[PDB]
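# Structural characterization, general
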Amino acid sequence: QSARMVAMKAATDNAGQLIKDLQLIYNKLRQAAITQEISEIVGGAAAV
Amino acid sequence: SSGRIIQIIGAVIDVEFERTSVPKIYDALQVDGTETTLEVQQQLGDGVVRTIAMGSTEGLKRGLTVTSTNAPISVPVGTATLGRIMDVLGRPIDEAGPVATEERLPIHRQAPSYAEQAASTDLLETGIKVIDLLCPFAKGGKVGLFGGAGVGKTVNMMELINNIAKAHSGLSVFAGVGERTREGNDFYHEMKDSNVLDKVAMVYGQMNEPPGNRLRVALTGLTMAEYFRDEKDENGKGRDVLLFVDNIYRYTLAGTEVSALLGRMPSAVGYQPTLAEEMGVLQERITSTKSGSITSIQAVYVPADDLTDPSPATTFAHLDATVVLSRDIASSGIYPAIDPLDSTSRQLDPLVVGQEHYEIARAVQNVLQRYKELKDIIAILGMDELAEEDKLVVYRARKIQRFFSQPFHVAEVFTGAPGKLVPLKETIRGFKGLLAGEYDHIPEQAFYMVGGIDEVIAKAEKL
Amino acid sequence: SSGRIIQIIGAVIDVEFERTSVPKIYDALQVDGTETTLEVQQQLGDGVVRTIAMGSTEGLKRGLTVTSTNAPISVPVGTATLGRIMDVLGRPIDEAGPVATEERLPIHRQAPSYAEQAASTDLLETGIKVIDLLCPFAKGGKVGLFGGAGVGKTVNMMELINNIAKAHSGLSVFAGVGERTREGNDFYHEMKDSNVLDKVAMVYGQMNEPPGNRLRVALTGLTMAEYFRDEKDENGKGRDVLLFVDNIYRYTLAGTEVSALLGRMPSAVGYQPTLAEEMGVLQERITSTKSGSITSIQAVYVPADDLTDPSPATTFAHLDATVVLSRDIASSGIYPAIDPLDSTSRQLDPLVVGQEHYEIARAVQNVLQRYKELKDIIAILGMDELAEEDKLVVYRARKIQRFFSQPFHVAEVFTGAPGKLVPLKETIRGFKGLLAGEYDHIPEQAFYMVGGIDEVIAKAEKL
Amino acid sequence: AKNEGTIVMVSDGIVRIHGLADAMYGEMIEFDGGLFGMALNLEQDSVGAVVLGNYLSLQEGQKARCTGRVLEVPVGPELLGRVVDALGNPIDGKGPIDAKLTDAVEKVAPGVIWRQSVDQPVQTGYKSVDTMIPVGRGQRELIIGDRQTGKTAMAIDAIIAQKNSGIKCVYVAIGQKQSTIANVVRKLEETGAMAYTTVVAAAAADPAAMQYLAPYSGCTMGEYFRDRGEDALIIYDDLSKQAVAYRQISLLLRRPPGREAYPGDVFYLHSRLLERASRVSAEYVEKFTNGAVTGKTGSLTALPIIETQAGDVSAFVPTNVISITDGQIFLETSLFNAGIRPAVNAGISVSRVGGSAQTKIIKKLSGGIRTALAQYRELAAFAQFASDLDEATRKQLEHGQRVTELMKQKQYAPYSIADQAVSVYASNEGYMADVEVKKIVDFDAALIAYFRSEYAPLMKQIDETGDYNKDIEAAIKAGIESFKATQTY
Amino acid sequence: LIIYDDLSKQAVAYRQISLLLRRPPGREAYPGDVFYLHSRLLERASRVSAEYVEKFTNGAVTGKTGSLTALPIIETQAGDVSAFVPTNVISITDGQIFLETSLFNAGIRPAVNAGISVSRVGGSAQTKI
Amino acid sequence: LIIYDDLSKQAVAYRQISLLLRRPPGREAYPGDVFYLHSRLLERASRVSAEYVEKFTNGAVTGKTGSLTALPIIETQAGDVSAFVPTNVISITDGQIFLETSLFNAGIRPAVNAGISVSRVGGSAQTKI
Ligand SMILES: Nc1ncnc2c1ncn2[C@@H]1O[C@H](COP(=O)(O)OP(=O)(O)OP(=O)(O)O)[C@@H](O)[C@H]1O
Ligand SMILES: Nc1ncnc2c1ncn2[C@@H]1O[C@H](COP(=O)(O)OP(=O)(O)O)[C@@H](O)[C@H]1O
Ligand SMILES: [Mg+2]
Ligand SMILES: [Mg+2]
């Protein structure tokens, strides 16, 4: 029972760290996508 | 000498002038007959000036006349503005009558030079224990307020106004950038109730105004605070003034909207190309001068919880301290609800504030961190199976948590308990004594909402 | 007739000519009274040609004069360029005197036809543990090095030069197309004091030059290499030239920098619309026809450490052997940081390298790929929540990752350990033994920068 | 009329001029009121220009004229101990600067045949730098990190450490608050480092055209000693702000964008500047000075600073520059908050010059201690999932912990070469294996104190000349063995 | 009391009109002033004082106060509340009522997500009991 | 039987030609009339009845039917089938064969991903056995 205690606590901490890293990656991707779409729209509008 | 409107597209208005007399950038213009006024933003060829209206463009045709003031927007500044509500143009909106002040100042100005900076960094004393100990301010600094609704933001602002006015004989200016009308009315009535209104001047920028109104509303408060600071009595000595901005995020958003209106290539994530310069224009005028000083309290909203977004990234390059208002502390019956571990300050270093102050502050933070890391252990297994040093840490942490709270002046009319203005020395002495272990026998209840330290002793003796 | 500059912007200059004397495309022009020369890129009617200056724009003004040479840029070729350093226009920069040769070739020419293409040939032995196993070379082929900034392209290229260009009899050409000038002064002196300068040629255009120079430097080295390839001595003797081109990405970068000024609509991620055509035009001349052979090594820059960028993605189809470097591996102390996966060669064929080589390489790649898929369970759960086979796979993959690193002769200055060279059969034997089941007791700390496998066994008793 | 023009448009600090039929690219232009501008593009009919000053006083229909000279700044030995702006005008109120020469702001670096390999070390006072990431005269090293991590402290310490070396210094402040600049100047004047230093300031409220041009003027001021057989050292406090200003100017000029809305020629913008920091040979100096000075080689060391977001070194501008300089020093937020103040991250920070820019004793002793730390970082990250391991893992982890605790230093505390050599030898030989992980800083502080109170001739001999043989290493071993016993930390 | 069935479709129509009128685009091709469009509409739902009613009615009505309540409706795609228009409108109102697709299928028919739904007015707008 | 080795390169060349002719771009700078470009080509692969052959040959050959099978190839970037050209072409064809880089490295030499691949004709295109 004590060992299961320790294992679950470690699992919680690892999951939290992974969540933080994935959140950073997601934010970077979202900003890049917004910039790319805005650039495409501006170019298309300048074409006509 | 006069002009005539030639294009009307939403808020952008183009005016054609004479060959020579073409108004400079930011020179306000007035439309004859109509209430509306215009502001210059960009010069084009053939004597054409692209402007932005500060009112509303409904009911305006092509061919009306416009008169040039040949100067930026000027607002009334003086002692007659204390306790009155104004808009971006410096016109009363409280139905209380015209402002008695006759002198005016332009709202566009250059920042003080490099030779006018003060030759030292001096702390500003507020009388609040937690703020003075863990997040010290600085004359000429900028403080970011991170907190939502229902935690006591307005009470904190009113308390700071009262404290500065009582202690340092200073005044305050409040600027609302894109604020709700209901909250503005509530704030005005709350201040009138709390007998604080007569030592503060406010400018309101409503949420339903065109972006030109919500973009230039902070400069009016800046100008009023600048006049308050430079006002010299005998022997000069200036004054110490404050300045509140309801939300710095809406300032950048209004700038973005105006830039999009005028038409220019968007920058990354859709922000305007001129962002850092636009914010540094505002933030470089809040400095401590050889005559006086100006300190700023700003509430910051983080979009999408992304600290790497351009707006918070540009904002954080100027902040000197951060105050975090937590909901758990408020729910635990502690006021003011300021997080002692998530609140940071750049002035908390041994060189600026001395050695013992730094040592005591870091020791208190370390004890609080240890208590935080032991709370989950206590919850998961129990108060038992622990040695004595951890129990002493727990008790001292509880004493500190209770001691961080204190009563306020602006709550006298509700509870009846008098307000307190505890100085820094007493706080340092009390916390050093508590950390030493002298007050290890006083019941923890005596530390709750009491103020100083001799007050703690008296309250404990009474119990 | 004479020209007349009408508009100068950036590095792009357009010149207006007479009605019936317009110079052709790619012709070189000269400005009287200055050291600047121009080349034609586009025609626009009205006798107007858009040009790129092969120099710098200082003291240049609208209204100068230009004389047309009515010929493309020509460079000196022959055996008298060996041991000399030249710039884009073919002028010596080593303070050694003029090159005594009248032979000159145009810098622009068509690619060889389909009927003069040659097949592959024998395998090139390099001495690198990871190249000789998962990415074999071939005489007359093309090699590319893909990696981010600060990962080790230059060190690997120098080691390849040191290992395979010494046991070789023939000429060699080195071209610098936008890299550091400091590295260009170390190569020259190393070759000079190693007594190998007598059979090398050098062309240098670096990152301090305007985009005109960095755009056409590679063509000069290409022309010299082509002349060396096609030349036959009496009785019909070959030469077996080698070509070393530094960063090709700077060629496309200069193209991107000038495309918008040339008057072209932008494309995805801001690149020029004609990226693939330019890349193919340059890359189709680096070939081995039926009258000669060229063995070339190139280094390719990956912008922002992503391989899906339009520039690196287009180059993948122009090479026979591709080597991919990753920053992850580099940040772990493993050198060379070559990705075992994502690195392929056309010569990995059971009919080319044999039956054992192919099987060993496939088994190694399979083990590594199987290990890669377990990165999530070990991240969330512990190591113990796996089958024994997965644990064996993980341990073997870690040992394999360590065993792919060896010290270099060139990189001795950085560390101080002497370099190593490993024959192919030793690598095959070591990997066969590792995969067979032995070496399950040797700690993975003994596989770090050892070279052979007997050295691993000897080192096992120390660490 | 060929030299006079008129203004037709003013917007966001960019002015389009009609006329000026004879003006060159980059030439200075004079407005009415002492305002100077520079040309940017010469179209068929008009001329574009940016304003170097306050453009709020310019109106359509005014006048301008061409000076006939490209951008220039005052250069000489009279600028030492002064504070000027991006154009060379003093702002400290101490009076005018009596210049004697002027130099071009934009120029090209010398050629390949005019250079020399770097072999003279530059001392900074940090153990983590002088032993793992060496710096030599003529080499350019990057200081990369996050916000609020201590980047400016390292540059100021490096400037202070040159008191006895005899090399000049230049400090450039771009996009910074005026209070910070004043505080930095005060701190420099406190320690006497102002006697051989120049400061160029461009505040956050200054126009983008001034924050753009400041690094080039600073480099031009620093090149004066490089061309004359003398050394120098230049620091750019933030090249990110210069990139942002350049992006603003380009976007206001309708150039098409790219990655992160940055245009082309950004790499060229950051490359044509850092390529000017180099060591030139004696022949170049002899030709430049027309035989005035012979047998002397000049140099110019650069220390640019770049900040990142959330510790991401894989972004566009952070990587562009990495691909230019000869190394980088990475400072990590995670280690700074932990307690490791000079938070140097080994494995991601490298030096391209290598051991050629070190003294003999330091070069021999400090061999391959960065790769070991890089391996240890990943080993410690991975080895928390095991139960039973051989002594190799324990020894490697303990050694990594001891080394990562050894390289901790306090601000304004320079270390001599002898102290670094003694500490590195003690760490390498294994004498601190039995010492606890704690009290490591106390141990080496006490060891240095004992080795300085005694053994003075040996320490001074090592300090003056950085060579060591069997005798000196035997003396070091005997001294540390004597200190190991009969002493208290 | 007024109810707007979907402000998202009004925003789409306004974007179409602005785009066909050649107004400069921006994020998601929306024009410059799209925050103003909803801000000036939603700020008209307010409670006035008895003085305003007395002045507007010229003494016809005394001692009475008016009011106007709004209940705008907005639809999100895959729960993305970070879009331009949901973020523009969330920062204008005094509260939010969040309905969840998972709660709807789970059997909670009204499907109100207490925990992320807030009301800034609070208990000041309730009867005693 | 006809095989086009890469239609992506044809798309890139068409994009270059159209952009150099100053035609307004769209998503990923691809101008209009790309779906037409890749649909008017594949539509020509079909089977023809015996009457069509008899009419075309003017009675030279009777009782014979012709056919033409297409087999184009398209390359994706990191398995992004959500791009412009892959989506434009997937909806046209009569089936897809997917090759996965994960299975190629694993050991599956004809790395065909079952389940996600489909053939619309089905069993009618098989021998009896
Ligand atoms: N080695 C050190 N030991 C102790 N304190 C240090 C050390 N290095 C820096 N600090 C302190 O840490 C803080 C870092 O501030 P600093 O100005 O050096 O950072 P920075 O990277 O320039 O930040 P920014 O430019 O974003 O304001 C300062 O209070 C400084 O005194
Ligand atoms: N094969 C290698 N062995 C050891 N160190 C290397 C190797 N390759 C690169 N490095 C390190 O990386 C730094 C940059 O080397 P370089 O070859 O210029 O990489 P890149 O060309 O990819 O930027 C050097 O300072 C060096 O210490
Ligand atoms: Mg390289
Ligand atoms: Mg700093």
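All residue numbers start from 1 on each chain and follow the order of its written sequence rather than the entry's numbering, and residues without coordinates are excluded. All chains are assigned letters beginning with A, and all ligands numbers beginning with 1, in the order in which they are written. Readers should keep in mind that the chains presented make up only part of a larger assembly and that every value pertains to that part. The side-chain quantities take in all heavy atoms of the structure and omit both hydrogens and water.

- In its metadata, the entry names cryo-EM as the structure determination method and reports 2.89 Å as the resolution.

- Going by the PDB entry, chain D carries the name ATP synthase subunit alpha and comes from Acinetobacter baumannii AB5075.
- Under the UniProt heading Catalytic activity, the entry covering chain D gives this text: "ATP + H2O + 4 H(+)(in) = ADP + phosphate + 5 H(+)(out)".
- UniProt positions are given in the numbering used here, feature names are shortened, and annotations may be inferred rather than shown by experiment. UniProt's Sequence similarities comment on chain D is quoted here verbatim: "Belongs to the ATPase alpha/beta chains family."

- Looking at the PDB entry, one finds chain B named ATP synthase subunit beta, with Acinetobacter baumannii AB5075 as its source organism.
- What UniProt states about chain B under its Function (unreviewed entry) heading is, verbatim, "Produces ATP from ADP in the presence of a proton gradient across the membrane. The catalytic sites are hosted primarily by the beta subunits."
- Here is the UniProt Catalytic activity (unreviewed entry) comment for chain B, exactly as written: "ATP + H2O + 4 H(+)(in) = ADP + phosphate + 5 H(+)(out)".

### Re helix α6 (residues 266-274) of chain D
- The element α6(D) is largely enclosed, with a buried count of nine among its nine residues.
- The cut-offs for exposure are 20% and 50% of the maximum accessible area for each residue type, with area from a 1.4 Å probe on protein chains only; residues under the lower value are buried, those over the upper are exposed, and the others partly exposed. Each helix corresponds to a stretch of at least 4 residues labelled H or I by DSSP, and each strand to a stretch of at least 2 residues labelled E; elements are numbered beginning at the N terminus. Residues D:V266, D:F267, D:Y268, D:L269, D:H270, D:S271, D:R272, D:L273 and D:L274 constitute the buried set of α6(D).

### Structural notes on the UniProt feature "binding site: ATP" in chain D
- The residues that UniProt annotates with the feature "binding site: ATP" are D:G145, D:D146, D:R147, D:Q148, D:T149, D:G150, D:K151 and D:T152.
- Residue placement: D:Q148 occurs in the loop between β10 (142-145) and α2 (151-160).
- Residue contacts follow a heavy-atom distance rule, with two residues in contact if any of their heavy atoms lie within 4.5 Å. Those residues in contact with D:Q148 that lie beyond four places of it in its chain are B:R346 and D:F336.
- Relative to the elements of secondary structure, D:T149 occurs in the loop between β10 and α2.
- In contact with D:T149, other than residues within four places in its own chain, are D:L331, D:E332, D:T333 and D:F336.

### Observations regarding the packing of aromatic side chains
Residues and elements named next belong to chain C.
- Classification of ring pairs uses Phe, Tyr and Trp, with its six-membered ring standing for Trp, and accepts pairs whose centres are within 6.5 Å; under 30 degrees between planes counts as stacked, over 60 as edge-to-face, and the remaining range as tilted. As enumerated under the stated definition, the model contains 31 aromatic pairs over all chains in all.
- Taken together, a centroid distance of 6.2 Å and an interplanar angle of 55 degrees make the contact between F174 and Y204 tilted. Of this pair, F174 sits in strand β11 (residues 172-177) while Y204 sits in strand β12 (residues 201-205), and the two are 30 residues apart along the sequence.
- Under the relative-accessibility criterion, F174 is labelled buried at 5%.

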